[PDB]
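A.B. asks: Provided herewith is a single structure, encoded as structure tokens, for subsequent inquiry.
There are 2 protein chains.
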Amino acid sequence: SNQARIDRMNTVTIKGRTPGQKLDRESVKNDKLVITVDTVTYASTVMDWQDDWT
Amino acid sequence: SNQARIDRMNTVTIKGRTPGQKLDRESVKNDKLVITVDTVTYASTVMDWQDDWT
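Those protein sequences? They're chains B and A, same order as listed. The opening position of the first sequence corresponds to residue 56 in the deposited numbering, with each subsequent residue numbered one higher. The opening position of the second sequence corresponds to residue 56 in the deposited numbering, with each subsequent residue numbered one higher.
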């Protein structure tokens with residue numbers, strides 16, 4: 056192919072509690088990244104047989 | 056338990072005297088230091104089976 060992928064992710068947070076209480080929960084986010092290839096770089100040279108012989 | 060204890064105390068004082076005088080007497084003082092633990096800290100994360108399978 057002509058692409059590649061890499062993932063990303065977030066962090067968490069701390070909280071506090073006392074007896075008789077229930078714990079709370081939070082979500083976590085994510086995203087992505089992509090790169091592509093688009094161009095060829097070159098260099099060329101030509102010569103003739105008669106010139107090469109002399 | 057949920058408590059800890061430490062002790063504290065004071066010092067003395069110097070005085071002067073001349074012939075015929077009685078000696079004064081001073082009382083030292085006391086106290087205490089106590090520390091308690093009450094709060095719990097946590098982090099929680101939850102996921103769903105339908106999202107786990109894919």
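All C-beta atoms, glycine included, are put in the ideal place defined by N, C-alpha and C.
(1) Determine the extent of the alpha helix (DSSP H) in which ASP62/B is found, giving its start and end residues.
(2) Would you mind stating whether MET102/B and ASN85/B have Cβ atoms separated by less than 8 angstroms?
(3) Give me the residue from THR66/B, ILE90/B, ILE61/B, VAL95/B with the minimum Cα distance to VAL83/B.
(4) Can you find the residues in the same chain that come closer than 6 angstroms, C-beta to C-beta, to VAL92/B, ignoring five residues on each side of it along the sequence?
(5) Just verifying my parser: in three-state terms, what is the DSSP assignment at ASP107/A?
(6) Would you kindly check if the distance between the Cβ of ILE69/B and the Cβ of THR96/A is under 8 angstroms?
(7) Near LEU88/B, what residues of its chain come up, given a Cβ to Cβ distance below 6 angstroms and the 5 sequence neighbours on each side ignored?
(8) Please report the Cβ distance between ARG72/B and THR94/A, rounded to the nearest whole angstrom; I am assuming they are in contact, meaning their Cβ atoms lie under 8 angstroms.
(9) At 8 angstroms on the CB atoms, spell out the chain A contacts of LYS70/B, in chain order.
C.D. replies: Put simply:
(1) The residue given as residue 62/B occupies position 7 in the first sequence. Looking at the DSSP string, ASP62/B is not in any alpha helix (DSSP H); the run it does join, the beta strand (DSSP E), is 58–64.
(2) In the first sequence, residue 102/B corresponds to position 47, counting from 1. In the first sequence, residue 85/B corresponds to position 30, counting from 1. Cβ distance not < 8 angstroms, so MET102/B and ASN85/B don't count as in contact.
(3) Here the question's residue 83/B lines up with position 28 in the first sequence. The candidate whose alpha carbon is nearest that of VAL83/B is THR66/B.
(4) As a working mapping, residue 92/B is identified with position 37 in the first sequence. So the qualifying residues of the chain are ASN57.
(5) On the second sequence, position 52 is the one that residue 107/A refers to. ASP107/A falls in the helix class under three-state DSSP.
(6) Indexing the second sequence from 1 puts residue 96/A at position 41. Indexing the first sequence from 1 puts residue 69/B at position 14. Yes, these two residues count as a Cβ contact at 8 angstroms.
(7) Working through the first sequence from its first residue, we reach residue 88/B at position 33. The residues are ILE61.
(8) Here the question's residue 72/B lines up with position 17 in the first sequence. Here the question's residue 94/A lines up with position 39 in the second sequence. Confirmed, Cβ separation roughly 7 angstroms.
(9) The sequence position of residue 70/B within the first sequence is 15, counting from 1. In chain order: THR96, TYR97, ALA98.
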